[PDB]
Structures are given as structure tokens and as C-alpha cells.
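Note sheet for the following structure.
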Amino acid sequence: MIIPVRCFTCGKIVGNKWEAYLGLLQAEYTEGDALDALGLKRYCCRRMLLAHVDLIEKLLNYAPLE
Amino acid sequence: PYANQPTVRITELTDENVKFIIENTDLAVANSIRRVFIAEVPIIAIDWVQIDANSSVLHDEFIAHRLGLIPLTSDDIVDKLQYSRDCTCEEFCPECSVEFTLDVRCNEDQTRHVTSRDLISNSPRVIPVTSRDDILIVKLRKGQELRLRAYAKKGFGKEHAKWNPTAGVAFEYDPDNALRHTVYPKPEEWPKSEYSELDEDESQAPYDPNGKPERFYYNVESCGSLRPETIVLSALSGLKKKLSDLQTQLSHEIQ
Amino acid sequence: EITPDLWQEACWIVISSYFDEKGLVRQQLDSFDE
Amino acid sequence: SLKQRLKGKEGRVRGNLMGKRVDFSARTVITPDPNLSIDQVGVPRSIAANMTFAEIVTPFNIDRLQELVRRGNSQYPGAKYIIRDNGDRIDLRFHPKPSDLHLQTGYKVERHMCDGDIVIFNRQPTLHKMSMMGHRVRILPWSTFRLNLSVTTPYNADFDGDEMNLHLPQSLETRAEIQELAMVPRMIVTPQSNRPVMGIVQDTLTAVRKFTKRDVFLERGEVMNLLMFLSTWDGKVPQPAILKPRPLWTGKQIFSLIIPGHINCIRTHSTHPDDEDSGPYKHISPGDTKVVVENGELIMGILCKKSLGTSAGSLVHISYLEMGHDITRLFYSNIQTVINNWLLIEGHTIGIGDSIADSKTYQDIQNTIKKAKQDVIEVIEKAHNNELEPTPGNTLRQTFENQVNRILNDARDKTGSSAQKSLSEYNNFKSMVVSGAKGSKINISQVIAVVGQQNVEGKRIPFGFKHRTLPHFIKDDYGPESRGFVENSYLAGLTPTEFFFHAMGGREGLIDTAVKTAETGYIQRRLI
Amino acid sequence: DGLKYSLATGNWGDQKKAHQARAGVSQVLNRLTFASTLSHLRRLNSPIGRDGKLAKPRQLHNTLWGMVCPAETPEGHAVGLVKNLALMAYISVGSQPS
Amino acid sequence: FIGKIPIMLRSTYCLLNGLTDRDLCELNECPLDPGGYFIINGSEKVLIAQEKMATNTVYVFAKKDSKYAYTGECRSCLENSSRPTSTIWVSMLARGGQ
Amino acid sequence: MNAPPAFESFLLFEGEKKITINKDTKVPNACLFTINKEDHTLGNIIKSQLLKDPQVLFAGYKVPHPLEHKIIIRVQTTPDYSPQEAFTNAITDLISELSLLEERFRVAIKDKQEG
Amino acid sequence: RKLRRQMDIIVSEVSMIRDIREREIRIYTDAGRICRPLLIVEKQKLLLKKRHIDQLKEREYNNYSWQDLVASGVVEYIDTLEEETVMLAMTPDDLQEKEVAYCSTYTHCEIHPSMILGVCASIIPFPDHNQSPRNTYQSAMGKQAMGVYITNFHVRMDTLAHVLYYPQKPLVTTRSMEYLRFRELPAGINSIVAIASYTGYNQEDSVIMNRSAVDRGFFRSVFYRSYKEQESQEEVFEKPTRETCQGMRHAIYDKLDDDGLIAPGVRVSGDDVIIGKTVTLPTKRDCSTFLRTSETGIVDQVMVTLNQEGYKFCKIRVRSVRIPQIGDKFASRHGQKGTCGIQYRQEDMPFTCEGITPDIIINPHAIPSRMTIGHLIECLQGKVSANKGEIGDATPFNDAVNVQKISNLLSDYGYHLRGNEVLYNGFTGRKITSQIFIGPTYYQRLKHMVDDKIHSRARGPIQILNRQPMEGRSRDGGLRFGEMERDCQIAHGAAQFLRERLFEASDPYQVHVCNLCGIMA
Amino acid sequence: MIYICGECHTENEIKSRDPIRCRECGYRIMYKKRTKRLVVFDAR
Amino acid sequence: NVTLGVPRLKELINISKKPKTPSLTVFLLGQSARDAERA
RNA sequence: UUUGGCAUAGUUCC
Ligand SMILES: [Mg+2]
Ligand SMILES: [Zn+2]
Ligand SMILES: [Zn+2]
Ligand SMILES: [Zn+2]
Ligand SMILES: [Zn+2]
């Protein structure tokens, strides 16, 4: 839905890295290099960014009730 | 029948990381300190949310749960505060909590990111760690609105994991398997530890029957709330107060 | 003009084109339309 | 019509007289709890606060019952009703007047279920009498029916979404009946086959073998812990076997403390050869088989499914027949707790390293498979040249199929034997197979070497299309691959035709499972 | 009313004669997950009695290669009688042979 | 006017046929929704494909212990006009005559 | 629904005593200590410190159920020495070790930064 | 065949069969025949060429598509009984090539042999390393996992709906999931699973879950339920009053507004009144609707409208967040189902050298008898992918993915090649003697929770015709004491318990009878 | 009592015994407005 | 080649005069038992 | 502090 604030396994904060990760990918980076640059060191933290599916972008399409 | 004489050496010390080596200590003491890092170090975190208006695409419990996990800098005032169950106030007073306020509305044609930058506290020393990017809370369309009031109590990681002050506590003893505490079916497939003191050909240290685990290696990484030296000191003082209160109660019971 | 040992991408290009053209519930829609 | 009302199931007689819905019943999910006794069940606080038992007021308990009534229906250790001698009911769910709270002997107070209450626990279907046994209530925080693990075998219950039923007897007479007749420790040995109906199940069983190996030497602190988990322990730490240069105990030296009384038994490990009993070293047993228990001490041997299991004459069976239910219950509980807390030191796992073989073994398996395929080809050539001679009592097709299936079975068995004998002493498949916990040598063979032939209705895969199995084969192809002999193991993976043939093979098992159940139930009902 | 009733209840026939009418058509769409929705929308059915002990039509015939999934089937009283289309399978719509 | 016929979603005669994802989002319809179901009294109905034996073909079977040895049936239908089926059998009596 | 609140794992309620002392009647000079609202974090240190004492013959601990917060410690000591004295000495030695460790860690921090 | 391939006179849907032996030609234009596309092999070379592949891979802004591929005579539709006169090849570049001659007259070729699997079985990774019953079980359990089921769930008043907080796409995915859109609406979370026997609470298909991970949002979801009521005397939506209405209960009417409907955002506990409706008894009768017992949800949305006829209509939705307890049911993508056994905090779970405690611990005894090796291979491939940065490919029949290649790839990141890792005990801090197999596997949270299954009864409501307890957990009914159970009690011999269960616990009664005629008097 | 229209998003007063119609847009689906009562969420 | 298991149990419990696979094991007396000729 | 029933479909567990 929206990127979680903490990494489930260890608790490192990954909730401030999604925009930077997407920007690095758009700037012609591989996913491994982007994750290395963002400081995500262990695979528990890396999977939080690798496997994330951002549905709030789709949810923002529909108009609000008011 | 007496105590040990532990010694320390700090290999690396940065703003989010402390690596040190404890020596001449028992494995039980080292592991108890390791456990106290995670669980029983008091931290300030949001524990009471009242949502005035939420027209966003996430429900109120979702937003409150996200708010709870934003770390607040409790470097110096975590000792001054009192537990809300231990305070003389009715519900909340400045001596036992910190109040936050969020009020964001979107009136533009571009999606707006509500971040932890928008959380405003009354006390200037308890602010989100991304306020000297930002922790995203929710995204708003045009016309959507969010507004709430939140209170930041004091607690430790045994109660909830939002008061856990650490990110990953690496603990390791006897990097070369001289004590044979773990037995490798094939010793040469296993990568050498970072602290190994062996050559490129030998895989395991020779057996040491008359040895006990000493020289524990730590690496305490902080999640931004406390700084990684006060995490260690508060654990040594925090464990020491548990033992002292046990001794007081035993003395009453014996007499 | 053969496609040798490059087949593991050609077959999936073909399958992707199939599912872009038709979809997954084409049977119900086509039957009701007819 | 009235005949329809009385006719069959859901009809009056057979649906409301021979079986009917009852009060004081609960049903929720069951989850494991190795810290309970054999005859205990964990109950959530909600169910206990909802179910009540009527206790008669006497001078021995009038104060306690009055305090329960004072607590009332709100607080869990409370009560719901007060029943007068005349029979008129007094409510306690709301706020009552202080006059009705008066208690005198001869009254009845319907208190909430508490610890130590006796209940009957059941899992449907109820096949044998070991499916409805009496348990003792213990109240635990969360909301599932915690029950021990050795009691899994009587119920045939695993903890994947299962549920079980709770029935609470309401009178002292029926409570004493259930206590003296249907309690779990009293049903350890079944009268169906005079064997113990419950035994160690697969996790204490995969670990007691490792505990009882010769190599296990225990430090002083580990012995302290393990003895701390022993409920039937005298209080004296036995002399260590190895006394110098460092005091070391042994796994057998502590299982001896677990074993009760003075039990004499002689079993045999599952890897005991056929020469030790004959040649020399009969009583020395180089591989540490030939379990011997003298005077309640494990002198020698490795404990496995054949010693602690649910077979006749096992160690648990001897313990029952010699000491009684009250001591066999403690036997089970102590074995489980001690072995689990030791397993917290040794650990257990299963992985790809445990499912991978050696290059020489792979070469052997591939050679055997190629030889078998060549032999099948030769048999087919001889049959085509009409040189095959029929076996008496069999048709030409029957004898050809028998020869082909025999060759393929020999190939599969030889590859399986190679895979077995190429294992290691640290392999976790071997750990879980030798100890009898879960698995079999055929499963190890299918994982490592060869999945084997797939059969439909007892015959090879039939010709679904016109004279061929699939559109990928020529017509009239009787090779091993055409009719569904999977040459690959599960680790290497199956080619698409073998995948489809394997699915066809597994469909038969699913169908038989879904079919046999109703007929078995009907047969049992007719016999009853 | 006829079309609405037959689609609403699933008894394929007239309301007066819902005895021999074959029930089980027109089920209510599953919405637990997207995979549930798709596998519901691509589903077959064999009208053989679910209590029939003879289980030859319940087996996996050789001719289901690429037409019907070899794995996806319910378990219980309808094992092998409810099936699902393969991924690339198509069903003809019909024409006239003029 | 002779009545109202239910319409299958996303079909050629629905209001969502051919619309783009932006229009679907405007109508509060999920662009990922596959369609292919009816809306009857609010609920969503799905027709289940029903297997049947092929028509207009001659099949020769045999019965276990019946009077005839071999049978042959031709389930006959006319271009989906009417008269659904008419299964004519051409049997052959067994050799166990008394 | 039946979820206990999180604070019940470390908060003594109205009536509960922190530690209760009971004797063991099976063996002379044995004693059992029951501690409420504690876990391995304290049990392990106290056991490992009791084992260092040369006049302690037995020293163990166990948690009877992971869902119920309570620690049981059993210690048996040689005559002319009591398990209560052994327990109190163990706690005192642990406190001394922790204080020394904290002092040395603080001086090590001071040496590391600005030094 | 030439005319059908040109698509000139005979539509591509028509099938043609020649029975060479029996001298018959059969042509079908019927509706209902099931067919699948196949590639065409002319002599020994596919008619599909690199020019076709390039024109397809430029599919955008080129109006070249599957129809233009079919019209070129490259692919073809083959129904079931035309497949009996065709020779197929599973893989072109492997079966068309020169070998020891098996068949040199191939007539078609398979696009990819993994297109024989359905929608629900296309999500299993490495299905060719599994067992067929396990694949069937996963096909069953894939329809019960909880994830976002549709993107517009906020305007749907569905009777029951379940949506996960933070779904993730698999780190080990099949190539054919892009067509099922499992990347866009997934259902599950990648969890660090360790296969070990830790404290005995995962025995017999149970799961140990990290409680600290759960506190951070791991496998949390919402539950939406909708209630409806229309005012079909004169039923009216109105707020009842205690001392003016005939029918009444022990519930609270103070939540309602003036018209008798709860406004959204109002927390309602079990056994409350949502919609207040009253019938004018010819002086008012209460027919209010009540929450299903013990929900404790918050009103989410209220919709007021008119039905077909013209009566006022209302649908009210209630939400309740479901935090994974110790009774909830979880399953992976390999037919391994289990319920949570107990939850440990982070300080108690075993840890690696780097402080990585597992999210889930599963018993090692589940593997040897079930033979789900796809589970282990998925774990290994996920451990490689989370470090490398790519997303692993687990399409069934590959020949370019081996356990050896995966292990070699994993050994280059500092880990043991076969996946094991030295863990430390949580309570004591000591190394565990046996190394544990740990890695990121993709788990699912099934629909079956414990809060929707717990049920108890003690003297509740009673049926009308038989005066026996009701049936149904929603109606506070009892548990049936069937004939098998009474036979078991007969075998036990507990005559008094059996009589209590069949008479006293159920309906008791008294009658009078005449001593002369056996007829009730 | 104020209901928000589901199409034009305009709130309008509607009392009991009144057809549920929307002014200036002619719609027939109306949604209740969020309550003014305050509810407290733990941030867990 | 006979019937075993559930069908056999069904037949033995509800005895029918027409079993599915009736059989009749026969033992020979003298030299017919050993020599294949009289066998 | 009072009690609707019939049918069909799907699912869980042996
Ligand atoms: Mg089960
Ligand atoms: Zn992490
Ligand atoms: Zn205060
Ligand atoms: Zn009379
Ligand atoms: Zn409007």
C-alpha cells in the first residue's frame, strides 16, 4: 500500500528511502547499486525496498467523496 | 566466589554505530547486556492519537500505527520524564508526555507528501530524527485533508517494539571455533568471520578443552532516537537497577 | 533468420503479445457477445 | 409427511434421540503446548468465564462461594447464578439487591469454570474410545485449546486449522465417573491391540536418539538445567562418568534419571546389523545398538521409535504395565521437557545441504538408469522380433509388462540403495529417518536419486490418445519415458511430460482418500 | 423475471419446474483475492453426481494436456469434477458451415 | 418492448466497453477488473461452463451386463434451432441366447 | 479478545510480591526462590554467578511457562553456608561487575572521542 | 489447411481432422470445442523467424500484434481431437536439431510447456520440484490468501472483505505472473523463515512468529463487514425510546442520530444497535439490527439511498483491524499450512552473527514426508536475490537454473553455499550446535482466523419444534453429540455421563401417564 | 442532518420522511458525514 | 489377483452368494503334490 | 429479552 516506516525483521527505518530509491533507479542505477548507495546493508532491509508494491499511487486516482 | 574485572575497547564510533569488545566477562552477563539493548532502554514514542479529520486514503488506525513508529529524539529528556502510570497528573502533563500536532491540507493539482517534517512538538528537544530525507506518513490528493493531536509517552521495548532504540545488535564470541560450540560437518565451506585470526589455509582453530567463552564482540546500531553510546550506558545502568531492586526485596523477605 | 538459443526471450515475447491481444476472460465476453 | 419426519437422518428418531445438541460445549482451534502435562488442556479465559458448574453450598466452602458471588459474573473467578432450595433462580449477571446474595447450606452456586476442572475433549470423527478422554482444565491467556503433543496420536490431530470439542460434566457423580474411567493416563494402553496408544512424537523422538548417542557429554551447568526440568528427581546429582580431567556426564546418565522405578527391558535400535547378535561383541555392540535397561538405568543403546514408540513391549509399555498410569504420565512429561530443553542446545534443521548427494553417487545413479533403459529397449526388441516367449498362466502382453516393470523396479531400488548408502553422519534426512520421527528411505530415495514409475489403476500410464500417451511421442512407444518412468529426482526437477504423468499419479491418491472415508464410516456404524 | 430468476438462484430452468432444473450454474463471484476472482471466472464443471463412487470421470485424462490445469482442483466431494482452464486455452464461439 | 435482458460487464453492450483506464477510474471502476459477470439485484453472478457429450457424432460403447453386446448412439441436434437432442441407439444383442 | 495487555509482563499488580522464599525438603540446605515478572535476562546472570561460588553445590533456574511471567531459582549450598547468603553475595558481585564495566566504558568513550 | 492459415474462407476457429486408417475427413464449425495455440514446423524449422520476433518486440507504435502473427500462418489453433493427428515438439532448439533420430516429421511445436498450468498454479515457484498433492493444495489455498483484492475497494459495500496492510511482490516469481497481475495486486509478504526446532511450539505443522516483527506491521490486515436494512404496517428508521416501544432489549440506543443511523467514525462494541427501525403495531415494535456479537469495530461508511420500489435503503460498513494472534493460519506457496503456535519478542528469537532474527520458525519435520523441495529452493533463490538486487526466476521448466548455480551465486556474497547459517540461542546467548537453514520465503496469511472460530455455550437459546439447543455459532447454538460419540461413550461405560449428555444437558421434560392405558393423561 | 452527495460532493439537509434526492445534480446516493465525536487511538 | 481391504470387508460383513473374485485353493494328496506330471 | 423456516452454493478438517 505505502512503504512501511520500519524494517520488519530488525527495525531500521526504511520509510524515508522510497522516493530516493525511485530517483536513483530513474537516474540509471541498478537495483543492487541503488540499495548499496542508500545504505541498506543486510538482506532483511534490502527486501523491504526490492519487493515493495506501491498501491497508494493507484488509490490516488479515484476522486475523494467530498 | 567474587566478581569479574571486565575491560572494554571501542573499535569504531560514529553517529549511528558503536563497535566494542568486552573481555573477562561471563557469557551470561554479555548476553544479558545484549538483551537489554533491545528491550529495556527507555525511549519516547507516540502512544495516543486523536484524529480530528482524516479524508485521506488510509484509515485512522493505519495512520496512527504509522505515527507510532516515527522515532523522536529522546537523547537527554528520557531520564527526566516519568511513566504516565507513575505520574500525579490526571491524563497528561508536560512532566510525563510530549504533545504533537499535525494539520495538513492539499489544495494543489500535485500529490502532496505528508512527512514527519510536519509533526510539531511543544518541547523543542523531542523532535523526529529527520528534523536535525523525511519519514513519509501519507500522500494526499486534491481536497484530501489530515489533522490530529498526538501524545508521546515514555516506555521500553518489552511493552511495544516502537520503543526499541536499536536497529541491529550484532553479537558474536569466539570467531574461530576453538571451543567447538558449533560443529561443522565440513569446516572448509564456511566463510571466516570478520575478526578471525587465521591464515588463508586453516579453517578452524585447534581445540581448546580448558577454555571458556570470553572476548565478546558487539556492534550496536541505533535507529536515531538515542545515540549509540547512551544506548550502551543506559543498558548497564538499566540492568544494574533491576538487580538492586531484587536485592532490596530479598532483604525484606529474609528478615 | 533462425532464432537459435535466443529462444527464451522470443517465446515470452510471443506469449506477452498473446495476452495483450486477448486477455484472461475472453471466453465469457466473446460467448455473450455472439 | 410423518413418515418423512421419521424416515432417516435429520429425522426425529436418528437425529434427535440417538444424537442431539447439548449445552456446556465449546469448540475452537487447537495449538501445541509442550509445557502441559499429558492429562491437561489449556482453555482461554473467555470460554471458562462463559461456562459454569453448579457447586452445592456446605460449611466447608460457604465462605469461598460467598466471595465468588461477591465477585459476580463480571470478574472471571466469579459466578453467574444462585439456585435456591425451592429451585427458583437468582441472576447475578446484572446488579442484584444485597438480600439475594445470602448463602445457606443446600444452595447451589453456578461458578465459572476454574483450574482443575474435569472436561471431556473430543475430535470428530470419533473412531475409537481414545477419541474422547478426560482432561484437567488450565486457564491460559490467548484463545486456543492448548494440548500436549503425545496426545496427538490418540486423536489423529495435527495443528493446521484443526478444531476439537469440549464437554463439561455438571454433577459430582458424572465427574467422578469421568475421573475414574476416561482420564487420559488411564487410556495409555489400548485394548484393541494391547499396545501403548500414545508415545513420543517426532521431535522429542528425533532428539532422544541424538541425546542417547555415545558422544553426548554434558557440562556441569547443562546438567544443572536439565535436572531443573525433572519433576521426579530425588535431589542428588549423580557422579559423572568422566571424572578427570574434567567432570562430564552423559546423555544416558540422565535418561537413567528420567526412567522410573526399577524397569528391566531389552530393545534393539533401528540400525542394528545382523552380525552383532551372532559373532563376537554380542554384549559390546560397537555401534551402540541393543538397548539395555537394568534396574531403571539406561546401561547401553540408542533410543528411537522402537523403544519409546507406540509398539508392543516398548519401554513405555513396560513402564505402564509395571508402574501404572500415574507414573507413566510423569514419564511422558519428563521425557518431553528434558529433551526439548536440551534440544535448545543441539538444534535441528533440514536443508538443501541435507538433500544433495555426491558426484560419485550421481555417476552411479546415472549409470544404473542408463543400464535399465538399455535393458528395457532390449526386451522391446525381442518382443518385436517375436522371440519373447510367454510365461505359463500369462498373456504375451502380461509377460512383457511384467518384465518391463520388474526391470524398472530393480533400477529404482538399486538407485535408492546407492542414495541411502552414500549419506553422511550429519545428514538431517538420516536423522529424521533413523530415529523414526518422520520420513522413510523411499522418501530419501525420491529426493536424491529417482522419483520412479507412475501408475494408474495399478497399470502403467494408459494410451489416452490414439495409440500414444501424449502428442509428443510416436505411436506405439513402450519405452520407459513414454509410459511414465520419471528418471529425475525432486532436486533436479521433472521434464514436462513427467510433470503431467506425476499429476496423473497423484490424482489417484487424492481420489482414494476422498472415496474410502464414507464407506469406512458406514462399515463401522453397521458393526456398532 | 425469467432471466433474472434463473441468474439469481442458479436453478437453470423455469421456477415452477425447479426440481429437475440443474442447480450450480450462476454462482456468486468470489472476491477474496484477485487470483480467486480470475480462477472463478475461468472455471468448468462436470455434471456427474458428486456422490458417485465410480471415479473414472474424476481422474486426469491424457487429453487434458494444455486444455485444463493438471493440478488446480477442489478436494472432497467434487475432486476431479470441477476444473479450471489452462493459461492459453480458448473455447470456440461457433459459426455456420456455409 | 418485450423485456429487459441482463448485460455482461465489459462486453460489447456495456457502458464500460472500450473506455480507457482514466475513464474507468472516473466511473469508480477498477481498471484491473477483468469483467465477464452479471449484476443481478446487486450481487455479482458468474456462469460456470457446463460439460456435455458432443452432439452429431456416432459413439460405440458397451454395457457391462445388459441385454445388448454393443451399443451406438448419435445425439442429434439441428444448428441450435430447437428439439435439443434425440439420442437414437442402434444396439446389438448378445451371444448368450437361450 | 483474550489478549493480555503488554504491560502485564513487567508490572506487579495489587497483591503480588516480587520474590518469595521457600525451602526444599528433599535435600538439606536447599532453597527455592520464586521471582514474579522476570525472565532469562535476570535468571541467567544469577545462575551463572551462583555457579562461580565454590560453596554452591546446585544452582539453576527455569521458566515454568512462556505465557506466564515467573522465574524459579533453586540453589543448594554446602553446610556452614546458606543459600540466602549465596544469593545476596551473587547479586552484590553482579552489581560490582556492572559498575566497573560502566566506568571503563565511559572512560573508553572519552578516550575515543577527542583523544 | 492452407485456406485456414491464410484466413481467407475458413475461420481460424474451424478444425479439420483426417483419420488416415479409417478414411474419413471431419470438419467442425461447432461452438464449445476447446483449443490452444501452437507453433507450426514446416520441414524441421519453425515458421517463426527473427523478423517476426523483432516486429513483435516493437509492438507499440507499430500496430503489429497477435492477429498479425496468426494471419501470417505462423501459429495455429489446435483443438483436442485434432491433436491426435499431430506430432508435437516440446522445445524447438532442442527437439528440431539433429540427434539420434527419434522423429524427423514434427508437425508443430509448443510455445512454452509451462502454459499447461492454470491461474492459481502459475504462482507456485519451482512446481516441478514439488509433489503433485502439494501443488493441488497450494492451488486450493491460493484463493484464501489475504491481499488487496481490487483497487476500488473503498466504494464497494461487500458483505465481507479482507485487505492486507503491506503486500509485497515475490522475490522469487514465475514468468507467467505478469499476465495474472500478481505484481500489481499481490497477497503475501516476504518473510525471513528459519527451519529449526526451537522450543517445541512449532511441532506438528505450527509456526513461531516474531512478536517484535508483528508490532511493526507484519501481516496485519483489516476486516470489513456490511449491514443492510430497508423500511418495507410502517417500518421507519427512527431512534427508539425505552418507555414507548413494545419490543426492547438490553442494548444501547444512544449511538444513533435523529433518523436512527450511526454516523461514521463511531466506535461500536459487540451487541450494539447500528440501524434503529420500528414497526407500528396495530403501539410500536422494535426491529433494530444489532452488531454480530463481539466485533468491536469502528463505523466506516454509511450510504443512504432508495431501492427499486422507492423505500429508503441503507448500507453500513464496519472495520476492525486484525493483528495476527496465536491461532491464525499461515501458509507458503508450497502447500505447507500451519497455525501460529506462540510469539516471541526479538530478544528471545535466535539470531545470526549480524542480528537477523527470523520472522517465522517452522519445524524441520514438515519436509521429509511431504517432499516440498521447491520450498527450500525458493528460500535459497530468495536469499540470493535479496543480496544481488534482482528478482529470481522460478518458471517451471528452465534448464538454466540449478541448485548448483544458485549455491555458487550465493557463495559470492559471503554466505554458506547451501544456505545454512550459524545461529545463537536467544535466551542463553550460546551458539546452537547445528547450523540452521534460514532465508527469505514468501508467506501468505489465510482467511481462517481464530476470532471467527472460537465458540462456547452454556444454557443459551433453544429450538422451537424439538426444544433442543439451536444450531449455529451465530445463533449461540450447541455442539452436536452424534451417534459416533454416543457409541464411544457406550464403549467407555460412562452410563451416567451418557445419560446426562443425551437427556439432562439437552432437553429435559416431564409427563404424566395412566397406569391402566399407557397414554399421557 | 447533512448528507453528502456521491456525485457532486455537495452536502444538503435532508430530514426524516423525505425522498433522498440531491439538488442541482439529481443523484440518488447520499453518504452520512463524519461524526464530531472524538475517538482515541493507541498508536500500536 | 483377488480383492482385499474395504471391498473385501464389505463382502465378508454382508455375505453375498456372488463374490467378486471367488477362489478355491486346492491341496494334493500324494505324488501329485511333488511330481509335476500328476499335478 | 427476546427467537422465522426451506432450498442451493462455496470452504475447513479427517
Ligand atoms: Mg490437519
Ligand atoms: Zn532490516
Ligand atoms: Zn503527568
Ligand atoms: Zn388410562
Ligand atoms: Zn449531487
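Chains as they are written, first to last, in PDB author numbering: chain E, 1 to 66; chain H, 2 to 133, 146 to 268; chain P, 16 to 49; chain W, 338 to 865; chain C, 442 to 539; chain R, 148 to 245; chain L, 1 to 115; chain F, 588 to 819, 825 to 874, 888 to 1126; chain G, 15 to 58; chain D, 1116 to 1154.
Don't be surprised by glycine CBs; every beta carbon is placed ideally from N, CA and C.
is_contact[residue i, chain L] using C-beta, thresh 8 Å
{"i": "F:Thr-1033", "result": "yes"}
Proximity below 8 Å, CB of residue i to CB of residue j
{"i": "R:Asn-203", "j": "R:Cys-172", "result": "no"}
{"i": "F:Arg-927", "j": "F:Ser-808", "result": "yes"}
{"i": "W:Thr-489", "j": "F:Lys-1058", "result": "no"}
{"i": "L:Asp-93", "j": "H:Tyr-3", "result": "yes"}
{"i": "L:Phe-58", "j": "W:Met-561", "result": "yes"}
Distance, residue j Cα to residue i Cα
{"i": "G:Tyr-45", "j": "G:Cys-22", "result": "12 Å"}
{"i": "W:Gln-412", "j": "W:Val-446", "result": "15 Å"}
{"i": "W:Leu-402", "j": "W:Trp-479", "result": "27 Å"}
{"i": "L:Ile-109", "j": "H:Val-233", "result": "14 Å"}
{"i": "F:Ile-607", "j": "F:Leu-635", "result": "28 Å"}
{"i": "W:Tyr-657", "j": "W:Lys-466", "result": "19 Å"}
Under 9 Å by beta carbon: chain P residues contacting residue i
{"i": "R:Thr-159", "result": "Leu-44, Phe-47, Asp-48"}
{"i": "F:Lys-630", "result": "The contacting residues do not exist; F:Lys-630 stays about 12 Å from chain P at best."}
Partner residues on chain C for residue i, Cβ-Cβ distance less than 7 Å
{"i": "F:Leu-772", "result": "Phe-475"}
Proximal residues of chain P, C-beta to C-beta of residue i below 8 Å
{"i": "F:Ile-703", "result": "Within 8 Å Cβ-Cβ: nothing; F:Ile-703 doesn't reach chain P, min ~13 Å."}
Beta-carbon neighbours of residue i, restricted to chain P and to distances below 7 Å
{"i": "F:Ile-1059", "result": "Near F:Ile-1059 there are no residues of chain P at all, since even the closest Cβ is about 39 Å away, more than 7 Å."}
Any C-beta of chain F under 8 Å from that of residue i
{"i": "P:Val-29", "result": "yes"}
{"i": "W:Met-565", "result": "no"}
Min CB distance residue i to chain P below 8 Å
{"i": "F:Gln-654", "result": "yes"}
Short CB-CB distance (under 8 Å) between residue i and chain H
{"i": "L:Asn-44", "result": "yes"}
Interface residues of chain L facing residue i [CB-CB closer than 7 Å]
{"i": "W:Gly-558", "result": "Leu-51"}
Per-residue contacts from residue i into chain W (C-beta, under 9 Å)
{"i": "C:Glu-513", "result": "The contacting residues do not exist; C:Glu-513 stays about 10 Å from chain W at best."}
Residue i: contacting residues in chain E (beta-carbon distance under 7 Å)
{"i": "F:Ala-991", "result": "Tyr-43, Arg-46, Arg-47, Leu-50"}
Within chain W, the residues that residue i reaches when beta carbons sit closer than 7 Å
{"i": "F:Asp-998", "result": "Neighbours of F:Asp-998 on chain W: none; closest Cβ ~14 Å, over 7 Å."}
Min CB distance residue i to chain C below 8 Å
{"i": "F:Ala-676", "result": "no"}
- With a cut-off of 8 Å, do at least 3 Cβ pairs link the stretch 34-42 of chain H to the stretch 40-48 of chain L? yes
- Taking one C-beta from the stretch 959-968 of chain F and one from the stretch 179-198 of chain H each time, how about it: are there three or more such pairs within less than 8 Å? yes
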